[PDB]
>>> print(open('query.pdb').read())   # PDB, C-alpha atoms (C1' of nucleotides) and all ligand atoms
ATOM      1  CA  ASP I   5     114.512  54.368  56.546
ATOM      2  CA  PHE I   6     113.091  56.743  59.209
ATOM      3  CA  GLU I   7     114.367  58.608  62.246
ATOM      4  CA  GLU I   8     112.610  57.537  65.490
ATOM      5  CA  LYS I   9     111.876  59.138  68.932
ATOM      6  CA  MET I  10     110.149  57.703  72.008
ATOM      7  CA  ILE I  11     108.009  60.461  73.544
ATOM      8  CA  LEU I  12     106.108  58.502  76.197
ATOM      9  CA  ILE I  13     106.491  55.041  77.627
ATOM     10  CA  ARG I  14     104.150  54.432  80.553
ATOM     11  CA  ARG I  15     103.100  51.508  82.698
ATOM     12  CA  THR I  16      99.427  50.760  83.273
ATOM     13  CA  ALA I  17      97.778  48.103  85.292
ATOM     14  CA  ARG I  18      94.541  46.259  85.780
ATOM     15  CA  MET I  19      93.274  44.487  88.877
ATOM     16  CA  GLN I  20      92.581  40.884  89.451
ATOM     17  CA  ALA I  21      92.283  38.566  92.381
ATOM     18  CA  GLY I  22      95.773  38.040  93.657
ATOM     19  CA  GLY I  23      97.153  41.263  92.256
ATOM     20  CA  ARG I  24      97.719  43.969  89.708
ATOM     21  CA  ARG I  25      98.944  42.936  86.251
ATOM     22  CA  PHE I  26     100.793  45.373  84.035
ATOM     23  CA  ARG I  27     101.080  46.405  80.453
ATOM     24  CA  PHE I  28     103.184  49.022  78.751
ATOM     25  CA  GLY I  29     102.260  51.798  76.319
ATOM     26  CA  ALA I  30     104.508  53.380  73.788
ATOM     27  CA  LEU I  31     104.008  56.694  72.151
ATOM     28  CA  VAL I  32     106.376  57.039  69.219
ATOM     29  CA  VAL I  33     106.852  59.634  66.500
ATOM     30  CA  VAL I  34     108.669  58.799  63.317
ATOM     31  CA  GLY I  35     110.008  60.983  60.530
ATOM     32  CA  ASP I  36     112.475  61.834  57.730
ATOM     33  CA  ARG I  37     113.253  65.372  58.863
ATOM     34  CA  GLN I  38     111.926  66.449  55.432
ATOM     35  CA  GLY I  39     108.120  66.669  55.581
ATOM     36  CA  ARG I  40     106.848  63.225  56.550
ATOM     37  CA  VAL I  41     105.695  62.341  60.038
ATOM     38  CA  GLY I  42     103.806  59.551  61.672
ATOM     39  CA  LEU I  43     102.394  59.061  65.160
ATOM     40  CA  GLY I  44     101.855  55.674  66.763
ATOM     41  CA  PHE I  45     100.725  54.462  70.155
ATOM     42  CA  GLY I  46     101.357  50.847  70.979
ATOM     43  CA  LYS I  47     100.759  48.469  73.840
ATOM     44  CA  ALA I  48     102.156  45.041  74.751
ATOM     45  CA  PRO I  49     102.997  42.816  77.761
ATOM     46  CA  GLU I  50     106.578  44.179  77.809
ATOM     47  CA  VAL I  51     108.461  47.432  77.163
ATOM     48  CA  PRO I  52     110.400  46.772  73.910
ATOM     49  CA  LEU I  53     107.619  44.849  72.057
ATOM     50  CA  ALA I  54     105.410  47.837  72.790
ATOM     51  CA  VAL I  55     108.016  50.252  71.349
ATOM     52  CA  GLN I  56     108.363  48.034  68.319
ATOM     53  CA  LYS I  57     104.563  47.784  67.911
ATOM     54  CA  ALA I  58     104.317  51.530  68.422
ATOM     55  CA  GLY I  59     106.907  52.298  65.737
ATOM     56  CA  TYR I  60     105.080  49.895  63.444
ATOM     57  CA  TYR I  61     101.709  51.719  63.741
ATOM     58  CA  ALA I  62     103.493  54.998  63.321
ATOM     59  CA  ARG I  63     104.541  54.094  59.786
ATOM     60  CA  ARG I  64     101.045  52.781  59.083
ATOM     61  CA  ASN I  65      99.798  56.348  59.905
ATOM     62  CA  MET I  66     101.435  59.325  58.213
ATOM     63  CA  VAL I  67     101.031  62.932  57.056
ATOM     64  CA  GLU I  68     102.750  65.137  54.550
ATOM     65  CA  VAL I  69     103.607  68.394  56.200
ATOM     66  CA  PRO I  70     104.028  71.207  53.667
ATOM     67  CA  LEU I  71     107.213  72.862  54.874
ATOM     68  CA  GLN I  72     108.332  76.305  53.762
ATOM     69  CA  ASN I  73     111.873  77.236  54.765
ATOM     70  CA  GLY I  74     111.429  74.927  57.757
ATOM     71  CA  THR I  75     108.298  76.664  59.044
ATOM     72  CA  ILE I  76     104.635  75.824  58.473
ATOM     73  CA  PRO I  77     102.562  77.924  56.057
ATOM     74  CA  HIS I  78      99.964  79.442  58.388
ATOM     75  CA  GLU I  79      98.637  79.667  61.939
ATOM     76  CA  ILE I  80      96.799  76.624  63.092
ATOM     77  CA  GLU I  81      94.773  75.856  66.257
ATOM     78  CA  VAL I  82      93.387  72.394  66.948
ATOM     79  CA  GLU I  83      91.440  70.807  69.766
ATOM     80  CA  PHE I  84      91.507  67.077  70.341
ATOM     81  CA  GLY I  85      89.186  66.461  73.276
ATOM     82  CA  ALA I  86      90.210  68.873  76.019
ATOM     83  CA  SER I  87      93.721  69.344  74.608
ATOM     84  CA  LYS I  88      94.650  72.240  72.414
ATOM     85  CA  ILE I  89      97.718  72.869  70.315
ATOM     86  CA  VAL I  90      98.708  76.157  68.785
ATOM     87  CA  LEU I  91     101.041  76.299  65.819
ATOM     88  CA  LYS I  92     102.381  79.610  64.548
ATOM     89  CA  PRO I  93     104.788  80.478  61.670
ATOM     90  CA  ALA I  94     108.242  81.681  62.738
ATOM     91  CA  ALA I  95     111.148  83.200  60.685
ATOM     92  CA  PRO I  96     114.621  81.508  60.333
ATOM     93  CA  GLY I  97     116.381  82.314  63.637
ATOM     94  CA  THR I  98     113.505  81.350  65.868
ATOM     95  CA  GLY I  99     114.123  77.670  66.445
ATOM     96  CA  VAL I 100     111.408  75.389  67.648
ATOM     97  CA  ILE I 101     109.784  76.886  70.688
ATOM     98  CA  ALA I 102     107.717  74.019  72.087
ATOM     99  CA  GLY I 103     107.262  71.422  74.818
ATOM    100  CA  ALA I 104     108.643  67.921  74.232
ATOM    101  CA  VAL I 105     105.502  66.370  72.792
ATOM    102  CA  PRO I 106     104.782  68.710  69.934
ATOM    103  CA  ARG I 107     108.565  69.265  69.705
ATOM    104  CA  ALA I 108     109.360  65.678  68.915
ATOM    105  CA  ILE I 109     106.652  65.767  66.251
ATOM    106  CA  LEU I 110     107.678  68.983  64.568
ATOM    107  CA  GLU I 111     111.426  68.317  64.606
ATOM    108  CA  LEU I 112     111.220  64.781  63.109
ATOM    109  CA  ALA I 113     108.822  66.298  60.613
ATOM    110  CA  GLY I 114     111.528  68.674  59.529
ATOM    111  CA  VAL I 115     110.031  71.724  61.180
ATOM    112  CA  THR I 116     112.874  73.860  62.221
ATOM    113  CA  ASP I 117     111.153  77.173  63.044
ATOM    114  CA  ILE I 118     107.819  77.591  64.810
ATOM    115  CA  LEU I 119     106.103  79.194  67.773
ATOM    116  CA  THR I 120     103.730  76.879  69.666
ATOM    117  CA  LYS I 121     101.550  76.684  72.855
ATOM    118  CA  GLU I 122      99.699  73.881  74.699
ATOM    119  CA  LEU I 123      96.302  74.854  76.153
ATOM    120  CA  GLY I 124      93.721  72.772  78.061
ATOM    121  CA  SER I 125      94.528  69.233  79.045
ATOM    122  CA  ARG I 126      98.235  68.759  78.554
ATOM    123  CA  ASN I 127      97.928  64.995  78.580
ATOM    124  CA  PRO I 128     100.807  63.919  76.272
ATOM    125  CA  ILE I 129      98.813  61.395  74.271
ATOM    126  CA  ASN I 130      96.035  63.830  73.525
ATOM    127  CA  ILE I 131      98.454  66.645  72.794
ATOM    128  CA  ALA I 132     100.240  64.267  70.439
ATOM    129  CA  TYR I 133      97.196  63.486  68.282
ATOM    130  CA  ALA I 134      96.106  67.087  68.548
ATOM    131  CA  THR I 135      99.381  68.202  67.041
ATOM    132  CA  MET I 136      99.031  65.595  64.297
ATOM    133  CA  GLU I 137      95.538  66.466  63.188
ATOM    134  CA  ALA I 138      96.784  70.009  63.290
ATOM    135  CA  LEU I 139      99.610  69.442  60.822
ATOM    136  CA  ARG I 140      97.234  67.342  58.702
ATOM    137  CA  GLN I 141      95.029  70.429  58.194
ATOM    138  CA  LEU I 142      97.787  72.634  56.885
ATOM    139  CA  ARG I 143      97.080  74.188  53.465
ATOM    140  CA  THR I 144      99.410  75.823  50.884
ATOM    141  CA  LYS I 145      98.746  78.949  48.774
ATOM    142  CA  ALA I 146      98.280  76.508  45.929
ATOM    143  CA  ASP I 147      96.075  74.032  47.862
ATOM    144  CA  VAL I 148      93.751  76.944  48.471
ATOM    145  CA  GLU I 149      93.499  78.495  44.965
ATOM    146  CA  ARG I 150      93.076  74.954  43.623
ATOM    147  CA  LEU I 151      90.193  74.442  46.081
ATOM    148  CA  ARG I 152      88.768  77.810  45.148
TER     149      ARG I 152
ATOM    150  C1'   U B   1     104.344  89.767  61.567
ATOM    151  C1'   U B   2     111.751  88.900  65.296
ATOM    152  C1'   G B   3     106.795  86.569  68.770
ATOM    153  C1'   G B   4     104.193  82.151  72.615
ATOM    154  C1'   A B   5     108.149  75.132  75.770
ATOM    155  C1'   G B   6     106.360  73.341  80.402
ATOM    156  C1'   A B   7     106.796  69.692  84.925
ATOM    157  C1'   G B   8     105.360  67.192  89.894
ATOM    158  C1'   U B   9     101.094  65.872  92.850
ATOM    159  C1'   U B  10      93.942  63.254  93.590
ATOM    160  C1'   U B  11      93.733  56.467  90.741
ATOM    161  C1'   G B  12      95.203  49.765  91.232
ATOM    162  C1'   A B  13      95.131  52.016  86.264
ATOM    163  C1'   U B  14      92.338  56.024  82.759
ATOM    164  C1'   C B  15      90.412  60.286  80.977
ATOM    165  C1'   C B  16      88.693  65.021  82.704
ATOM    166  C1'   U B  17      87.937  68.901  86.126
ATOM    167  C1'   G B  18      90.577  71.408  89.765
ATOM    168  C1'   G B  19      93.794  73.541  93.509
ATOM    169  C1'   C B  20      98.614  73.378  95.574
ATOM    170  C1'   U B  21     103.974  73.349  94.064
ATOM    171  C1'   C B  22     108.323  74.234  91.001
ATOM    172  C1'   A B  23     111.868  75.710  87.307
ATOM    173  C1'   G B  24     112.372  82.139  84.763
ATOM    174  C1'   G B  25     113.131  87.426  85.208
ATOM    175  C1'   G B  26     113.330  91.498  88.724
ATOM    176  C1'   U B  27     114.969  94.680  93.830
ATOM    177  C1'   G B  28     116.902 100.937  97.442
ATOM    178  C1'   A B  29     117.083  94.773  99.698
ATOM    179  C1'   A B  30     118.196  91.801 104.017
ATOM    180  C1'   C B  31     120.338  87.093 106.285
ATOM    181  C1'   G B  32     124.104  82.932 106.109
ATOM    182  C1'   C B  33     129.002  80.791 104.314
ATOM    183  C1'   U B  34     133.036  83.030 101.698
ATOM    184  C1'   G B  35     135.608  87.290  99.902
ATOM    185  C1'   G B  36     141.322  89.907  95.826
ATOM    186  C1'   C B  37     141.144  94.408  92.334
ATOM    187  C1'   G B  38     138.892  98.540  89.230
ATOM    188  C1'   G B  39     134.789 101.456  86.858
ATOM    189  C1'   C B  40     129.972 103.493  86.744
ATOM    190  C1'   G B  41     125.853 103.474  89.590
ATOM    191  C1'   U B  42     123.925 103.256  94.210
ATOM    192  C1'   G B  43     122.708 103.189  99.894
ATOM    193  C1'   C B  44     117.048 105.096 106.586
ATOM    194  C1'   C B  45     111.800 101.366 102.265
ATOM    195  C1'   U B  46     111.071 101.621 109.737
ATOM    196  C1'   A B  47     109.737 106.771 114.038
ATOM    197  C1'   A B  48     106.815 113.254 108.961
ATOM    198  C1'   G B  49     110.300 109.962 116.419
ATOM    199  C1'   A B  50     113.834 112.974 119.299
ATOM    200  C1'   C B  51     118.483 115.559 118.355
ATOM    201  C1'   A B  52     124.831 117.741 121.220
ATOM    202  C1'   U B  53     128.470 120.531 117.701
ATOM    203  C1'   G B  54     130.144 122.949 113.033
ATOM    204  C1'   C B  55     128.454 124.197 108.432
ATOM    205  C1'   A B  56     123.954 124.791 104.314
ATOM    206  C1'   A B  57     122.475 132.843 102.001
ATOM    207  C1'   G B  58     124.151 136.596 101.277
ATOM    208  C1'   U B  59     126.218 140.745  98.710
ATOM    209  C1'   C B  60     127.123 146.187  96.910
ATOM    210  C1'   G B  61     131.570 151.928  99.877
ATOM    211  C1'   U B  62     130.045 153.113  91.939
ATOM    212  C1'   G B  63     123.365 154.699  97.209
ATOM    213  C1'   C B  64     124.360 157.227 102.827
ATOM    214  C1'   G B  65     126.385 158.993 107.371
ATOM    215  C1'   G B  66     129.402 157.194 111.245
ATOM    216  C1'   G B  67     132.988 154.695 114.903
ATOM    217  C1'   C B  68     137.576 151.835 115.516
ATOM    218  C1'   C B  69     142.504 150.806 113.740
ATOM    219  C1'   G B  70     146.327 152.044 110.446
ATOM    220  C1'   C B  71     148.797 154.560 106.002
ATOM    221  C1'   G B  72     149.844 158.802 103.810
ATOM    222  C1'   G B  73     151.237 164.971 106.071
ATOM    223  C1'   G B  74     149.765 170.360 108.177
TER     224        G B  74
HETATM  225 MG    MG W 201      99.539  69.207  51.744
HETATM  226 MG    MG W 202      92.318  66.554  76.027
HETATM  227 MG    MG W 203      86.424  71.799  74.911
HETATM  228 MG    MG W 204     106.054  83.868  56.529
HETATM  229 MG    MG W 205      99.586  67.506  84.255
HETATM  230 MG    MG W 206      99.666  61.397  96.664
HETATM  231 MG    MG W 207      88.745  60.576  94.278
HETATM  232 MG    MG W 208      99.612  56.193  94.266
HETATM  233 MG    MG W 209      97.757  70.470  87.546
HETATM  234 MG    MG W 210     126.440  89.317 103.090
HETATM  235 MG    MG W 211     132.486  89.108 106.793
HETATM  236 MG    MG W 212     111.719 108.678 105.334
HETATM  237 MG    MG W 213     106.415 106.331 119.128
HETATM  238 MG    MG W 214     112.231 109.948 121.915
HETATM  239 MG    MG W 215     131.755 128.296 105.028
HETATM  240 MG    MG W 216     125.169 151.169  92.416
END
>>> encode(input="query.pdb", output="structure tokens", more="lines below")
Ligand SMILES: [Mg+2]
Ligand SMILES: [Mg+2]
Ligand SMILES: [Mg+2]
Ligand SMILES: [Mg+2]
Ligand SMILES: [Mg+2]
Ligand SMILES: [Mg+2]
Ligand SMILES: [Mg+2]
Ligand SMILES: [Mg+2]
Ligand SMILES: [Mg+2]
Ligand SMILES: [Mg+2]
Ligand SMILES: [Mg+2]
Ligand SMILES: [Mg+2]
Ligand SMILES: [Mg+2]
Ligand SMILES: [Mg+2]
Ligand SMILES: [Mg+2]
Ligand SMILES: [Mg+2]
Amino acid sequence: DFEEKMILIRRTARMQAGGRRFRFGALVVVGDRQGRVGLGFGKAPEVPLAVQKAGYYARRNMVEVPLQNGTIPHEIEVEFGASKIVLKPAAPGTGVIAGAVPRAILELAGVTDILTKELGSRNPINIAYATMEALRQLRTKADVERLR
RNA sequence: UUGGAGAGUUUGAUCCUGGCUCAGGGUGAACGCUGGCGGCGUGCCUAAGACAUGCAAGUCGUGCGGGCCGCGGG
């Protein structure tokens, strides 16, 4: 099975005659603390169903992060819309230096040592995907020679 | 490569822009409430305004000639 963290659970609403009607949205990261993470965002008429749906999509969307002593191989910068995430290799003592959103992702991914920074829009959702696509572009010394 | 966390607040809700705000470290500090001990620091940031009183630069008789006192004695 997988380890699971709720990053964001927010209420939205829409208007109608007679009043606002709500809906809930569930940002969930899911991982094995050993190189496999998934991000899922899920909506439903109620809180828990949404969390459940969220967790579901998460598994249906994964990425294999190439750890190396608990740190990523190389520097990576990624922009998703106006959001930017910076990922930077750190040595053993460092810890994970990051805000909650990319923290939850990197920890449950088994990253244990990394320097990060959020730039631009720090909307959680967008920072979330931006951290994902970031990880998803990581390449290994091998990966590269093999390509070239 | 010893190194990099962010949050609140514009909307019915969203994304973005954008300012305000906060958490951190610092000080010749000051103010309040409170206050036992020791060590190293450290203390007129304002009127280079004004200052009573003592003290902060003198020494050599192995450069010189004198007075005053005394010690030694003709
Ligand atoms: Mg790979
Ligand atoms: Mg963005
Ligand atoms: Mg851009
Ligand atoms: Mg390295
Ligand atoms: Mg914000
Ligand atoms: Mg308001
Ligand atoms: Mg407006
Ligand atoms: Mg409101
Ligand atoms: Mg802001
Ligand atoms: Mg006091
Ligand atoms: Mg007192
Ligand atoms: Mg002065
Ligand atoms: Mg005056
Ligand atoms: Mg005066
Ligand atoms: Mg004296
Ligand atoms: Mg002489």
>>> residues_near_ligand(input="query.pdb", ligand="ligand MG 212 (chain W)", cutoff="12 Å", atoms="only C-alpha atoms (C1' of nucleotides) and all ligand atoms", output="list in words")
residues 44, 45, 46, 47, 48 and 49 of chain B
>>> closest_atom_pairs(input="query.pdb", of="chain B", to="chain I", cutoff="8 Å", atoms="all atoms listed in the file", output="tab-separated table")
residue	atom	partner	partner_atom	distance
B:2	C1'	I:95	CA	7.4
B:3	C1'	I:119	CA	7.5
B:4	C1'	I:119	CA	6.0
B:5	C1'	I:102	CA	3.9
B:6	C1'	I:103	CA	6.0
B:12	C1'	I:19	CA	6.1
B:13	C1'	I:17	CA	4.8
B:16	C1'	I:86	CA	7.9
>>> resolve_selection(input="query.pdb", expression="the PyMOL selection byres (((not hetatm)) within 8 of (chain W and resi 216))", output="count of residues only")
3
>>> axis_aligned_box(input="query.pdb", around="stretch 80-99 of chain I", padding_each_side="5 Å", output="AutoDock Vina command-line options")
--center_x 102.8 --center_y 74.8 --center_z 68.2 --size_x 37.2 --size_y 26.7 --size_z 25.7
>>> residues_near_ligand(input="query.pdb", ligand="ligand MG 209 (chain W)", cutoff="8 Å", atoms="all atoms listed in the file", output="number ranges by chain")
B: 9, 18-19
>>> residues_near_ligand(input="query.pdb", ligand="ligand MG 210 (chain W)", cutoff="10 Å", atoms="all atoms listed in the file", output="VMD selection string")
chain B and resid 30 to 35
>>> residues_near_ligand(input="query.pdb", ligand="ligand MG 203 (chain W)", cutoff="9 Å", atoms="all atoms listed in the file", output="mmCIF file with C-alpha atoms, in the coordinates of the input")
data_model
loop_
_atom_site.group_PDB
_atom_site.id
_atom_site.type_symbol
_atom_site.label_atom_id
_atom_site.label_comp_id
_atom_site.auth_asym_id
_atom_site.auth_seq_id
_atom_site.Cartn_x
_atom_site.Cartn_y
_atom_site.Cartn_z
ATOM 1 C CA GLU I 83 91.440 70.807 69.766
ATOM 2 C CA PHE I 84 91.507 67.077 70.341
ATOM 3 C CA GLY I 85 89.186 66.461 73.276
ATOM 4 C CA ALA I 86 90.210 68.873 76.019
ATOM 5 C CA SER I 87 93.721 69.344 74.608
ATOM 6 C CA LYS I 88 94.650 72.240 72.414
ATOM 7 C CA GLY I 124 93.721 72.772 78.061
#
>>> atom_distance(input="query.pdb", atom1="atom CA of residue I:147", atom2="atom MG of ligand MG 201 (chain W)")
7.1 Å
>>> atom_distance(input="query.pdb", atom1="atom CA of residue I:12", atom2="atom CA of residue I:50")
14.4 Å
>>> atom_distance(input="query.pdb", atom1="atom CA of residue I:110", atom2="atom MG of ligand MG 202 (chain W)")
19.3 Å
>>> resolve_selection(input="query.pdb", expression="the PyMOL selection byres (((not hetatm)) within 12 of (chain W and resi 207))", output="list in words")
residues 10, 11, 17 and 18 of chain B
>>> resolve_selection(input="query.pdb", expression="the PyMOL selection byres (((not hetatm)) within 9 of (chain W and resi 201))", output="ChimeraX atom specification")
/I:67-70,140-144,147
>>> closest_residue(input="query.pdb", among="I:81, I:129, I:76, I:146", to="ligand MG 204 (chain W)", atoms="only C-alpha atoms and all ligand atoms")
I:76
